[PDB]
Amino acid sequence: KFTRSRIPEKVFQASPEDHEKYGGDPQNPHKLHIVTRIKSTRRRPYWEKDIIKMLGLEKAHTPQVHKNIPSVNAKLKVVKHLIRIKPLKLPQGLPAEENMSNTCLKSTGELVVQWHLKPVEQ
Amino acid sequence: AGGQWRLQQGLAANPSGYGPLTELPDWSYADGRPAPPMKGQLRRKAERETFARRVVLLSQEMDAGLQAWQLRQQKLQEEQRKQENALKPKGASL
Amino acid sequence: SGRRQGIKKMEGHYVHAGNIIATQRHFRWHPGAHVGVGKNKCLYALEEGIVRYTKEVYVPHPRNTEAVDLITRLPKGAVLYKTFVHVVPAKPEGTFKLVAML
Amino acid sequence: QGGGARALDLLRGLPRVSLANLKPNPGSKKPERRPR
Amino acid sequence: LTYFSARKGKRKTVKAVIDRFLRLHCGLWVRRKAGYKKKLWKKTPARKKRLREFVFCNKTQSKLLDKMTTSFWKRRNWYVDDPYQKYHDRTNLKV
Amino acid sequence: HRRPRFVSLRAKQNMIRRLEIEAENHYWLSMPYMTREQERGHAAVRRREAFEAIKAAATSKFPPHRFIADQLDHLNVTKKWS
Amino acid sequence: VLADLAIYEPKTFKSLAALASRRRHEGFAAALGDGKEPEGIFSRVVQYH
Amino acid sequence: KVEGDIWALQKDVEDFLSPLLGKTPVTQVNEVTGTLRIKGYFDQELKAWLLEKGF
RNA sequence: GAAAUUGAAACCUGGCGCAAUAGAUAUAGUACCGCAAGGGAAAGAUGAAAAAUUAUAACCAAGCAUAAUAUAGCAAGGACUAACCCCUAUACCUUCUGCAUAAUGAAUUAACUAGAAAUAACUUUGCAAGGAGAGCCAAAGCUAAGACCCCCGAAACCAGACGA
RNA sequence: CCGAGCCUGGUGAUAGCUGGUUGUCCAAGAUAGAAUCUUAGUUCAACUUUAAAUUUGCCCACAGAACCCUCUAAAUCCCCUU
RNA sequence: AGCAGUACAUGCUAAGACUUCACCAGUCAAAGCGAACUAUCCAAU
Ligand SMILES: [K+]
Ligand SMILES: [K+]
Ligand SMILES: [Mg+2]
Ligand SMILES: [Mg+2]
Ligand SMILES: [Mg+2]
Ligand SMILES: [Mg+2]
Ligand SMILES: [Mg+2]
Ligand SMILES: [Mg+2]
Ligand SMILES: [Mg+2]
Ligand SMILES: [Mg+2]
């Protein structure tokens, strides 16, 4: 009988080797997630279909931003095999009211508050 | 083709994503007057601003929640000290 | 060919007086504080409040021959335990209200 | 202040009421359903 | 159910319903419990008491009974010393 | 009578590619920014106000206003040049 | 456009082929190198911000 | 049986009923028939309110 | 499925009826079929003048003729300088589980050929503690309107005739 | 084609089960259960439409739900936060 | 299992609930009064 899967908490305990590989920092966890759907919910259980809709990931390859909190992570763990999770990076800090119209989310996962579309000098 | 290489350079995997090729104006008036913003670019500006505002909203909500929890803990410590000794002990102790 | 018996009200649920907490063929959950028993071993709330399930030491009635025989044959130092369901009264019996100023 | 008199004032400009420009009140007629 | 009588072209009432049910003007239908008069000797006092109660019908049953009776049976009546007079009108019903 | 099917090298590389992404998903899910206790109630105010908007929309349904100009305008169907 | 160039602009297309061949060789040299050496002239990527 | 500016009556009714409800009352103005439709039962309050005006 | 009781109008010469597969079956109960009772069709089209007939132009279904055919395939589609060659495409319907290359149906054209309720409720008016042009309903109701229920296809049974 | 003629009428007889059921657009829209001389059908259920009123729905933290020997794991019920 | 034992307040009344489930039917029950105080129709009356 196929049923909902409960993953052991060990799977989600990052080791010292993982930190070097992925570049995370356990002392300072990232605040927000970048979540994109990269797998179809077709041929998947209905509970996974519901989680995808709740998270706002019905459209594939569409970045959604979510809080890195236990309750949200519990939902992501259910559909972890259908999504890509990448920490949101703010190299220039949060966008201010002036910068709201000039932001851009790059593929690296960084949100830049200035988007000139010009070449960088030298 | 070239999707993985473009990502390595920090560019969008698809060359039709973000960057001058897509976002810059296709045309302008011959005299130099700028053209009106293209419909696709206007939609992207709206979508990006909505994404940025959500980023700020979620960040502030987490920060405000973190501060509120800290205050509750500090108050609990103060509450413990509130009733340390209302009345001086006077029985069997000198 | 099946019937439904078991816990109608789970831990922490709010019940009103007369609510049926559980139905059972045999005593699986015992009546605790403010929990009545029916002829068919049905457990029902005697007061309005929150349902609680606890583990309490079991002491049968001295005239319950079958149960007294069991506890007398137990090794000294061994205490029987059972699951009890209780209702924590949510409201006071009443209040004193000013009705006249004679 | 004028609501009844305004409607009659509007009538003066509009074409003569006749059998050619009448219609039922919207919502008073349900469209019939046809198996076709 | 006859929707169009042969002689009057009018809907008819199911008299079986009139024999067994009371319709309150508010739309509720009252009935007796099946077997309230049968085999009392083998029934406990508690079972006998609920068997002699006047109980309401559910929504689905009430709508069916309404279709089976004509408008005459739904009119307001002012019988003298009617035992069910107070029950014809609902009170404090928010819905 | 199912004929056997075999796993190509390209299929194995495709599967390995998915495993790498999910393995990274496990890492980023490992470092929650807040604990369960601190998260509690931080979003309560917004979650409640959002439902009030839903409730306000669900209780404001009413038939639209009817205007005289709409009815009288139908007389223009017979408007003609003098 | 590349197919159109191949037919109507053979000299320009040969240049594009020469440019692709040069970049391919620069990739080969970099693969042999450990990264201590500098990147190829045509390898250098223009950055946008 | 509303005559004249029905919209003026709608605003007067909204100002009168909004304190009691705590929100702007949902209403429909039927200009053709001269009818103001209000969501909820305010027949008793509106009757006294209209009586004071002098209608 | 009553009755007591109640108690109205009514001026032939008209039609939001059919117009040759319709409307009568009807040009006719004829032709024709049957021993008999009985069953029972089909169709016509000039013009003011035919004592104007070389006058009344033609253009339109299927079927043909003018004018057979050229590798390859549900007959097309993408196209193409180019009809074909290239590429793509397992007729349709019905039913069998949501599966027809296996089972059903269809030569083709034309005509004919199949959803008919208004109690409640809803909607839109009217009036409103009343509504309705007696009767009925009414603790916002009541009056009026709108909108809902197909076609073809047994054996049998009964009555009265007809027939050795 | 007489295991009981033929004709007319009753008669557009009944049942049973197939088949058929004619313009367009938009919105919503696929469930798999119980009783029955009932399983080729039906009516209460499941899902489903429209309108209306109101307030929570889904996901789900801890705690909590039996002894009798549990294959005893995979799970369930309940459930704030989110 | 289509019963038996053995009581005779298996009296009356009434909040709130359960239920094979849909219906019918079925089930539990505080307080109170009084005690104790330990299938349908049909057929017979
Ligand atoms: K004929
Ligand atoms: K003879
Ligand atoms: Mg009479
Ligand atoms: Mg004819
Ligand atoms: Mg075939
Ligand atoms: Mg067919
Ligand atoms: Mg002879
Ligand atoms: Mg749709
Ligand atoms: Mg909950
Ligand atoms: Mg008692």
Side-chain angles (χ1 to χ4, degrees), chain C residues 18, chain D residues 24-35, chain E residues 1-40 43 46-95, chain F residues 58-64 66, chain H residues 1-2 17 21 25-30 32-48 50:
Chain D
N25 209 72
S28 57
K29 307 285 179 85
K30 256 200 64 168
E32 189 203 340
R33 207 57 50 168
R34 278 182 73 74
Chain E
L1 161 69
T2 305
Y3 293 93
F4 296 99
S5 56
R7 311 170 62 99
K8 296 290 281 174
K10 296 203 283 182
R11 185 198 287 261
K12 288 195 179 188
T13 299
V14 179
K15 293 310 186 125
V17 167
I18 299 312
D19 283 309
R20 305 170 161 74
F21 298 91
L22 171 71
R23 193 201 186 262
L24 300 176
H25 194 264
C26 54
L28 291 176
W29 293 84
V30 186
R31 66 170 181 89
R32 291 288 229 152
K33 300 286 285 179
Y36 68 111
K37 294 169 312 181
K38 287 204 175 176
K39 310 174 185 306
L40 301 202
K43 293 169 186 176
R47 181 182 177 180
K48 285 189 296 188
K49 186 184 180 298
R50 60 178 149 261
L51 284 169
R52 62 175 171 262
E53 304 278 30
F54 293 73
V55 295
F56 298 110
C57 298
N58 64 25
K59 168 180 170 170
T60 299
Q61 283 155 0
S62 299
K63 305 301 170 167
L64 173 51
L65 296 173
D66 275 325
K67 301 209 208 297
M68 298 169 83
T69 53
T70 68
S71 84
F72 163 88
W73 299 100
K74 302 168 180 78
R75 75 192 300 279
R76 183 173 294 278
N77 289 303
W78 295 100
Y79 300 132
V80 62
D81 293 323
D82 187 21
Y84 312 101
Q85 183 54 48
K86 55 168 164 172
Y87 299 120
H88 287 301
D89 292 75
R90 302 295 298 270
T91 63
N92 304 313
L93 179 63
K94 281 183 181 179
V95 171
Chain F
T59 64
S60 54
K61 303 163 56 181
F62 221 52
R66 292 180 160 266
Chain H
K1 322 194 81 66
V2 184
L17 292 181
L21 292 173
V26 187
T27 55
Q28 167 196 41
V29 167
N30 193 321
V32 183
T33 63
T35 296
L36 177 60
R37 185 178 285 279
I38 306 156
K39 196 197 258 215
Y41 285 153
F42 312 106
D43 58 309
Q44 297 306 320
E45 299 93 326
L46 282 170
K47 278 171 174 184
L50 281 172

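Lettering follows sequence order; numbering is per chain, from 1. All values below come from the heavy atoms of this structure, side chains included, with hydrogens, waters and symmetry mates left out.
The two residues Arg37(H) and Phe62(F) have their closest heavy-atom pair at O-CE2, 3.5 Å. Here the closest heavy-atom approach between residue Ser62(E) and residue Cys57(E) is recorded as OG-O, 3.7 Å. The minimum heavy-atom distance between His88(E) and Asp82(E), with the atom names listed, is NE2-OD2, 3.4 Å. Looking at every heavy atom in both residues, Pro64(F) comes nearest to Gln28(H) through O-NE2, 3.0 Å. The two residues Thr59(F) and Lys39(H) come nearest to each other via the heavy atoms O-NZ, 2.7 Å. Between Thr33(H) and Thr35(H) the shortest heavy-atom distance is OG1-OG1, 3.2 Å.
Taking a 6.0 Å sphere around NZ of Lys63(E), one finds it holds 12 or fewer heavy atoms contributed by other residues, nucleotides or ligands. For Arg33(D), the CZ atom is loosely surrounded, since the number of other residues' heavy atoms within 6.0 Å does not exceed 12.
To the nearest 0.5 angstrom, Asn77(E) atom CG is 14.0 Å from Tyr84(E) atom OH. Rounding to the nearest 0.5 angstrom, the gap separating the CZ atom in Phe56(E) from the CD atom in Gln61(E) is 13.5 Å. Taken to the nearest 0.5 Å, the CD atom of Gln85(E) stands 10.5 Å off from the NE2 atom of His25(E). Atom-to-atom distance recorded for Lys1(H):NZ and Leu36(H):CG is 15.0 Å, nearest 0.5 angstrom. Atom-to-atom distance recorded for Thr27(H):OG1 and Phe42(H):CZ is 10.5 Å, nearest 0.5 angstrom. Interatomic distance, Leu1(E) CG to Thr69(E) OG1, rounded to the nearest 0.5 Å: 10.0 Å.
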Would you please test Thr70(E) and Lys10(E) for side-chain contact (heavy atoms from CB on, under 4.5 Å) and show each step? CA-CA 10 Å; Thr70(E) 68; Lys10(E) 296 203 283 182; over 6 Å; no
Check the pair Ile38(H), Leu46(H) against side-chain contact (heavy atoms from CB on, under 4.5 Å), reporting the backbone distance first and the verdict last. CA-CA 10 Å; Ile38(H) 306 156; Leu46(H) 282 170; 3.4 Å; yes
Pair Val55(E), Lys33(E) - check side-chain contact (heavy atoms from CB on, under 4.5 Å), show working. CA-CA 8 Å; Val55(E) 295; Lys33(E) 300 286 285 179; 3.9 Å; yes
Would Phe4(E) and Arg11(E) satisfy side-chain contact (heavy atoms from CB on, under 4.5 Å), going step by step from the backbone distance to the final call? CA-CA 5 Å; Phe4(E) 296 99; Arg11(E) 185 198 287 261; over 6 Å; no
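Not one N or O on the side chain of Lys43(E) forms a donor-acceptor pair closer than 3.5 Å with the backbone of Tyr36(E). Here the side chain of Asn25(D) pairs no donor or acceptor atom with the backbone of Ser28(D) at under 3.5 angstrom. Under a 3.5 Å cut-off, the side chain of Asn58(E) and the backbone N or O of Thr60(E) do form a donor-acceptor pair.
Ring planes of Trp29(E) and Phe21(E): perpendicular class, angle over 60° (limits at 30 and 60°).
Taking the side chain as every heavy atom from C-beta outward, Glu53(E) and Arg32(E) never approach each other to under 4.5 Å.
Of the candidates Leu28(E), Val30(E), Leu65(E), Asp66(E), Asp66(E) is the only one forming a side chain to side chain contact (heavy atoms under 4.5 Å, CB included) with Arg23(E).
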